[PDB]
Amino acid sequence: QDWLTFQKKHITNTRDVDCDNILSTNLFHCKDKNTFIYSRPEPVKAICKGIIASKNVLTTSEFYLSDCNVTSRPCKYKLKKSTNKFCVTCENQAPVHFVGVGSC
């Protein structure tokens, strides 16, 4: 819902996200899945440069993605690493929402 919350929810400084640890916290509250982007903040914020009004944008470059997907056991996850483009909601030159992987 802003740049600061987007970073906390979707940016990681490690590709091997500890899903069972982080997803069990109050911010994620054991949700079914969450996608983390393994990258420095600048390359991610740059996706939205020049865009003022809310608009969904698909990245032109590929990024390292770390997905935490829930297993058959509640709040227990499997980490899936991949490289793909993603869709984000840009508002006032910064990503504020994560839409999805591969397409908008």
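So how was this one determined? The header says X-ray crystallography, 1.8 Å.
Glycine residues also receive a Cβ, built from the backbone N, Cα and C atoms like all the rest.
The annotation pyrrolidone carboxylic acid is assigned in Swiss-Prot to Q1. Taken from Swiss-Prot, the feature active site, proton acceptor covers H10. Taken from Swiss-Prot, the feature disulfide bond applies to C19-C68, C30-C75, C48-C90, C87-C104. Residues annotated as substrate binding site in Swiss-Prot: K31, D32, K33, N34, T35. Annotation source Swiss-Prot lists active site, proton donor at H97.
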Residues flanking the substrate site, with Cβ no more than 8 Å from the Cβ centroid of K31, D32, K33, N34, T35 and excluding those residues themselves: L23, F28, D67, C68, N69, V70
Nearest of the recorded positions (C19, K31, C48, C68) to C104 (disulfide bond) - Cα to Cα: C48
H10, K31, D32, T35 screened against the residue listed as 'active site, proton donor', Cα within 10 Å - retained recorded positions: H10
Proximal residue to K31 (substrate binding site) among recorded positions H10, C19, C48, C75, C90 (C-alpha distance): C75
Surrounding CB atoms that lie within 10 Å of the CB of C75 (disulfide bond), all protein chains: 15
CB within-chain contacts under 8 A for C87 (disulfide bond), separation at least 6: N56, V57, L58, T59, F98, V99, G100, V101, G102, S103, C104
Cα within 10 Å of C75 (disulfide bond) - qualifying recorded positions among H10, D32, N34, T35: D32
